[PDB]
Amino acid sequence: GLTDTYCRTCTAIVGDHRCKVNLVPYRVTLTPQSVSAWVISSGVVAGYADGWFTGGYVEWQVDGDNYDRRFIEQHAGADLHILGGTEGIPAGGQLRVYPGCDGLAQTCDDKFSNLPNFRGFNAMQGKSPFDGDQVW
Amino acid sequence: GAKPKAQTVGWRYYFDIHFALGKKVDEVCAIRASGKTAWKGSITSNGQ
Amino acid sequence: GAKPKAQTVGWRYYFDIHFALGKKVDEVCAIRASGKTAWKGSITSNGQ
Amino acid sequence: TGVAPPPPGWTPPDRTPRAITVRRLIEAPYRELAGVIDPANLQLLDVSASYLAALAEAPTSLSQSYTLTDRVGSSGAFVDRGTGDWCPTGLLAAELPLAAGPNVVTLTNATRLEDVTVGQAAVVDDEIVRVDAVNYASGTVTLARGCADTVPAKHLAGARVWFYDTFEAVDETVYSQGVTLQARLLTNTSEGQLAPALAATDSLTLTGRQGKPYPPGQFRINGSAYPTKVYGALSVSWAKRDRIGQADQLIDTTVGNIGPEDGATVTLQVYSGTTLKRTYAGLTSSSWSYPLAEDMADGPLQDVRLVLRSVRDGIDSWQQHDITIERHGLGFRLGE
Ligand SMILES: [Fe+3]
């Protein structure tokens, strides 16, 4: 139950109750062009910069009001890499894809402008104690 | 010759440190250093 | 009377220490003490 | 992988001593020697004795002090003379007009303003002034003009003010007048000392500042200080200053007579703007009037230059008064 570390990165999953970032505007609905064993390719995402979707997840409706979610290893051009393979993904079903946050403060503010809620500690201190040996 | 106009017997060191006490806290009561009570009181809102 | 011809403000201490870093080593790159880089380089053979 | 590692490590302090950019050399006046040298040794000091002092500003907050290195002439090896602390200093935001008494001046880019104390001796350009009041937040201080062995002078905006009192590096060796020195200031930090090769060089010419007598003090003309308007009869009043009696006390021009010095007199030069016409020496009174005899010979002098100085045994004061005044009255300026 620690769930706390004094590191540079955000230490928060994009969209959690701590980031307070609304992903609904960033939702993208698309029909995949081609599905392979490990790669799902679509031309619509080809218009975004490389790594835009890295860290995001893909959710689609299985039955009723329940959706199955899959994380994305990497995004490059028109090809998306799916962790654990693409098995179970419908070839023509409607898919919802959300972006992913790298966690860096520059990434957090330039893309999402959520710097005030940034949970990371970029440049407060790395080691400096007040009971060391020589300050200089 | 004679006693200097002034003598540098020691230096005063100033440092500006930023630190965190953990997760959200309600009230800070006192600060103790080297067994001497430096400050005692109570603050419940962001301030100086 | 007057300022002494010289004043002993401090002493310089010299020590000769022999130590081992463990088993066979290939290269020693740098020595750091008190957070200050005393020496940086590279030696691969017995020498000064 | 997708994630990347950011820089944060330890961010080592950047001590890396730099050379001093702001500094100055000065000659110690009699005021400090009076209060730092015992009378027995002081009385034996000849009139030609001179002492050297230096002032500097900290280039970085990580430097504690600097080392003083100097040599005689342009040749020889530098001999360490000691270390000194940083001298608080600031920049004048507005010009300082020629006026005796306290004057309010605002300082910009002030350094170590907190440590300044009232009553200290401050030197700017070639004038020594005394601080009367201090404002820490706004950096506004009141300065007494024309103190010790100095006289008021025009100081343009940007002049540097040094509060050398208790913040100067002094070389105890005694040097005779007329010798030229070359000295350098080396910064000192916990990481070590600055290499001399990177230290700036400077030269100064000694002038026996302590030897020369103080100039006259209260300089009031017809009851006005530095007036451009006088109605006819010319009356000039001056004060007599004795360096020995004053000792370490700072006395400005507004104070009255403090008695003369043994063998010290007052000399006045009268010019016609560019040419020298009359010269009165050996003056011992506190006032002088232009004799009626020379008024017709020289005729009306609408533009009159007044030069005042003190001389003893042919030793003229380092500084002097000089102003060109305009006369008005009957027979003067009836073109209007
Ligand atoms: Fe974030």
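As recorded in the PDB entry, chain B goes by Tip attachment protein J domain-containing protein and comes from Pseudomonas phage JBD30. Its official PDB title, as written in the record, is "Baseplate core of bacteriophage JBD30 computed in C3 symmetry".

Chain A has the name DUF2163 domain-containing protein in the PDB entry, where Pseudomonas phage JBD30 is given as its organism.

Draft legend 1. Representation of the side chain of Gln182 of chain D. Residue and element names in this part refer to chain D. Residue placement: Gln182 occurs in strand β12 (residues 180–189). In this structure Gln182 comes out as buried when scored by relative accessible area, which is 16%. For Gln182, the side chain forms a polar contact with the side chain of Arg71, separated by 2.9 Å. Residue contacts for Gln182: discarding those within four places in its chain leaves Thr69, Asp70, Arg71, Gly73, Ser74, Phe78, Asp202 and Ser203.

Draft legend 2. Main features of the interface of chain D and chain A. At the interface, 12 residues of chain D touch 11 residues of chain A. Carbon and sulfur atoms supply 59% of the area that chain D and chain A bury against each other, a total of about 1,000 Å² over both sides. Looking at the side of chain D facing chain A, the largest losses of area belong to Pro8, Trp10 and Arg15 of chain D, adding up to 49% of the total buried there. The tally of links between chain D and chain A comes to 0 salt bridges.

Draft legend 3. A look at the pairing of strand β20 (residues 276–283) of chain D. Residues and elements named next belong to chain D. In the sheet, strand β19 (residues 265–271) pairs with β20 via 5 bridges, with the strands oriented antiparallel. Across the sheet, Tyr271 pairs through a bridge with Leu276, a residue of β20. The hairpin turn running from β19 into β20, its antiparallel successor, is 4 residues long, and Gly273 in that turn takes a positive phi close to 95 degrees.

What counts, and at which threshold
Residues numbered from 1 in each chain as written, not as in the entry; some residues may be left out. Chains lettered and ligands numbered in written order. Part of a larger assembly, values for the part shown. Heavy atoms only, no water. Helix = DSSP H or I, 4+ residues; strand = E, 2+ residues; numbered from the N terminus. Buried < 20%, exposed > 50% of the residue type's maximum accessible area, 1.4 Å probe, protein only. Polar contact = N/O pair within 3.5 Å; in protein donor to acceptor, adjacent residues only side chain to side chain. Contact = heavy atoms within 4.5 Å. Buried area = accessible area lost by both parts, 1.4 Å probe. Salt bridge = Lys/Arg side-chain N within 4 Å of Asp/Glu carboxyl O. Pairing = 2+ DSSP bridges.

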